[PDB]
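A single chain comes next, written as structure tokens; it is the form deposited in one PDB entry.
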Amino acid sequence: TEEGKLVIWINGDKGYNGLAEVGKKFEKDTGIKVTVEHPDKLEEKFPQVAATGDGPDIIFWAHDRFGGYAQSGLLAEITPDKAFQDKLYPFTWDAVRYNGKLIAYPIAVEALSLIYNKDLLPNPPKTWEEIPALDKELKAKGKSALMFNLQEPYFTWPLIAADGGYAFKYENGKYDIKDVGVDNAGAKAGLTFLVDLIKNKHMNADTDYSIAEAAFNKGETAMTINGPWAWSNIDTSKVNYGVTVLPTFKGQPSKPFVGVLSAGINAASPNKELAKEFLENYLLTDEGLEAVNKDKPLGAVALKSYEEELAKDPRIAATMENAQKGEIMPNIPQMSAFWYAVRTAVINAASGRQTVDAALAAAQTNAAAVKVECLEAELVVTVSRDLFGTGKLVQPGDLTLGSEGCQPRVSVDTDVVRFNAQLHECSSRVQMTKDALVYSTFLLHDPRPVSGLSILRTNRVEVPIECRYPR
């Protein structure tokens, strides 16, 4: 990558100019230059480049991605002394722990909250069920009740999880990677409510992060749903806003996934010592975290000393209230499959392209059995041969990707079938969102002709396979 310097990747919604200021100070004292970059899809790009021995020295992301990276051998083990570990909260260290090793430095606790315009709405609704009626009133005076990012499942998940949706079942000291709670009655109820909001034109299916942000920050919508990072732009807009508890659904609290912003060190980095110095002695200090937080708020920082200093903030208090009512994300490798599954399900259900029941049923299978990798002109689909959980392995001839024109290369291992497919010939459907070009197809399992009576538990499965590329 290059010795004698530090390249850092952090997401574009985070305080990367502030992190760059911390890097400027590092360079002053040490002479080592620090380059902070915020590439798009960095959570997907990191493992691709790190596997070739390249990529940045340090990668920032929520903790949920790091178990996959660790499992893939992409991360150096971090070795802080007890004195440094004492400075941060135990819960945050827990988040960056994988298979008995610490695999990242924890930075800050994140959770979504309800953000609301006090002038347009002095009393924000305590329940989701209120919102359609509240929207009607606001529509009368040229406004909307609620706008938030409907393109990323992170933002819709709190509602889905409220009445009993979950990611993976934690049982007997581990997560069961085949027990996915995206297709239970609680999850269906949550998504159905969301899809109804769109049906009844209280929300729009195409609404994304930037649209929702512009709407609230211009005073066009009374509420939005976002994290601490979002506050800086609202402050600049001079909108009179409050950060509060997310609305309940069917009397139960919204359950946002708690994320811990984490910093991992590339296993291929020749600057592992410099990276440790930077993170421990420059970033993870009151002065370091202040520089980043000033840029874009981090939330509840992992560093005890600075967290206590900011805890008075009622916005942070609300973040932690919502964090309390939600669940911490697993960091297991299967989380990206889970996120793909839910992202796709919500988009297809919200568009009316698929039903809520059918969408979430497919999401279960995708999360449990499927991995989608989108490359330049190419697509890789890896399917678990234990497709149902029976222990009975599917045969590759019974699996089909796309239509007859789609002629992928098919490879078989003991446990998986792998499709290497050209996107042009295998795209059943293509479409454009504001931000993306979307290529879509389907994976089918159909063991026809089957040799008996078909009793139950249909062996016919079909799941959406989809790739999204930035416009």
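Start at 1 and count along the sequence shown; that's the residue number. Rigid core (definition): largest C-alpha set, two forms, superposition within 1.5 Å.
The same protein has a further form, the form deposited in another entry, not shown here; the description that follows concerns it.
A displacement of less than 2 angstroms separates the C-alpha positions of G219 between the shown form and the other one, with the rigid core held in common. Shown in the overlay between the shown form and the other one, fitted on the rigid core, is a CA shift at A291 smaller than 2 Å. CA of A358 to CA of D398: closer by 3 Å or more in the other form than in the shown form.
Compared with the form shown here, the C-alpha atoms of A358 and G397 sit at least 3 Å closer together in the other form.
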